[PDB]
Every structure is written in structure tokens, then in C-alpha cells.
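Residue strings, one per chain:
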Amino acid sequence: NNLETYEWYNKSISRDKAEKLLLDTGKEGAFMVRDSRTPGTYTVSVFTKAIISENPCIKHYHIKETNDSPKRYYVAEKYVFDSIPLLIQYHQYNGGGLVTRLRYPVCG
């Protein structure tokens, strides 16, 4: 199911790099993702546009997993899915809370 292909996915990424990558572009609710190790989910680097004296906050959202049917992964005891992409696709569209429900998957 590897994602390594979503503007938002960033393999081997960390919490700092994603923010760094996000900071590079700095969009509204920049969306990024990074593999972890937990039950097998992925991380989501979300960045909020801003600068001046501050305002741009980058949040790393991990995709929780829940042996559902399928809705396994999620990032808010909410919309659960079987993959970050759908989990992201759902955020990217719908309105899965998040900085801004995946507004722009950052792909460093």
C-alpha cells in the first residue's frame, strides 16, 4: 500500500524535515506525510501559511490504525480508512478537521 507517491508523502521523513519542507513552500494547511513504526500507520505533516511575526504552524498528524472494515487508519478518532491516501484523500476533500483537511500535500 506504500504511499511513496503523494505530494504529501515523505519517506524517511521526520517531524523537523516536514516542517522544513513545509516552510520552504509555506501554503495554507500544507499537507505532508511520513512513515512511523506504530501499528503500521503513517505520519501527516500539516503546515499553516504565515510568517511576519508568526502564524504559520506545522502540525504532524499521524494516521491511527483501527482494524475496522476497513477504516483502519485515522487522525482524530474520526474518519478511519485503510490507507493514508484515502485517509488523506478524505481529508484533502471532505473536511477531516486537521489544520485544513489536507489543503495541499507537501512533497519535499
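What counts and how
- Residues numbered from 1 in each chain as written, not as in the entry; some residues may be left out.
- Heavy atoms only, no water.
- Helix = DSSP H or I, 4+ residues; strand = E, 2+ residues; numbered from the N terminus.
- Buried < 20%, exposed > 50% of the residue type's maximum accessible area, 1.4 Å probe, protein only.
- Arc of directions from axis to C-beta.
- Contact = heavy atoms within 4.5 Å.
- Salt bridge = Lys/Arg side-chain N within 4 Å of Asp/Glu carboxyl O.
- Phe/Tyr/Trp six-rings, centres within 6.5 Å; stacked < 30°, edge-to-face > 60°.

- As documented in the archive entry, the model was determined using solution NMR.

So, the overall build of the protein chain
Here is step 1: Scanning the protein chain for helices and strands turns up two helices and six strands.
Here is step 2: Element order for the protein chain, N to C, with α for helix and β for strand: α-β-β-β-β-β-α-β.
Here is step 3: Based on the C-alpha atoms only, the size of the protein chain along its principal axes is roughly 45 × 25 × 20 Å.
Here is step 4: A burial count over the protein chain gives 44% of its 108 residues as buried.

So, helix α1 (residues 15-25)
The α-helix winds at 3.6 residues per turn, so residues separated by three or four positions along the chain end up facing the same way.
Here is step 1: Taken as a whole, α1 has its buried residues at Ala18, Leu21 and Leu22. Angularly, the buried residues of α1 cover 100 degrees about the axis, an arc narrow enough to put them on a single face. Turned more than 90 degrees away from the buried face of α1, the exposed residues are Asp16, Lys20 and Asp24.
Here is step 2: Buried residues belonging to α1 abut β1 (30-35), β2 (42-47) and β3 (58-62).

Considering the pattern of salt bridges
Here is step 1: According to the stated counting rule, one finds four salt bridges in the structure shown.
Here is step 2: Note that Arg72 is salt-bridged to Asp82, the shortest N-O span being 2.8 Å. Within this pair, whereas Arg72 is found in the loop between β4 (64-65) and β5 (73-74), its partner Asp82 is found in the loop between β5 and α2 (84-92), the two being separated by 10 residues in sequence.
Here is step 3: Take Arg72: its relative accessible area is 28%, and that puts it in the partly exposed class.
Here is step 4: Members of the salt-bridge network, linked through shared partners, are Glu28, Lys49 and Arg103.

A look at the packing of aromatic side chains
Here is step 1: All told, the structure shown has seven aromatic pairs when counted by the stated rule.
Here is step 2: Summarising the aromatic geometry, the rings of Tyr6 and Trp8 are spaced 3.8 Å apart at their centres and angled 15 degrees between planes, so their arrangement reads as stacked.
Here is step 3: The exposure class of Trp8 is buried, given its relative accessible area of 1%.
Here is step 4: Aromatic pair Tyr9 and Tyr42: ring centres 5.6 Å apart, planes at 65 degrees, arrangement edge-to-face.

Focus: α2
Here is step 1: In terms of burial, α2 is largely enclosed, as seven of its nine residues are buried.
Here is step 2: Lining the buried residues of α2 we find β1, β2, β5 and β6 (104-105).

As for unusual backbone geometry
The phi torsion of most residues other than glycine is negative, and most of the peptide bonds are trans.
Here is step 1: Each neighbour pair has its own omega, and for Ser69 with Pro70 the value is 0 degrees, a cis peptide bond.
Here is step 2: Within the element layout of this structure, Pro70 appears in the loop between β4 and β5.
Here is step 3: The residue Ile52 is not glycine, and still its phi comes out positive at about 25 degrees.
Here is step 4: Of note, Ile52 is situated in the loop between β2 and β3.
Here is step 5: According to the relative accessible area criterion, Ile52 is exposed, its value standing at 77%.
Here is step 6: A positive phi angle, near 40 degrees, is found at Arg101, a position not held by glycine.
Here is step 7: By the element assignment, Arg101 lies in the loop between α2 and β6.

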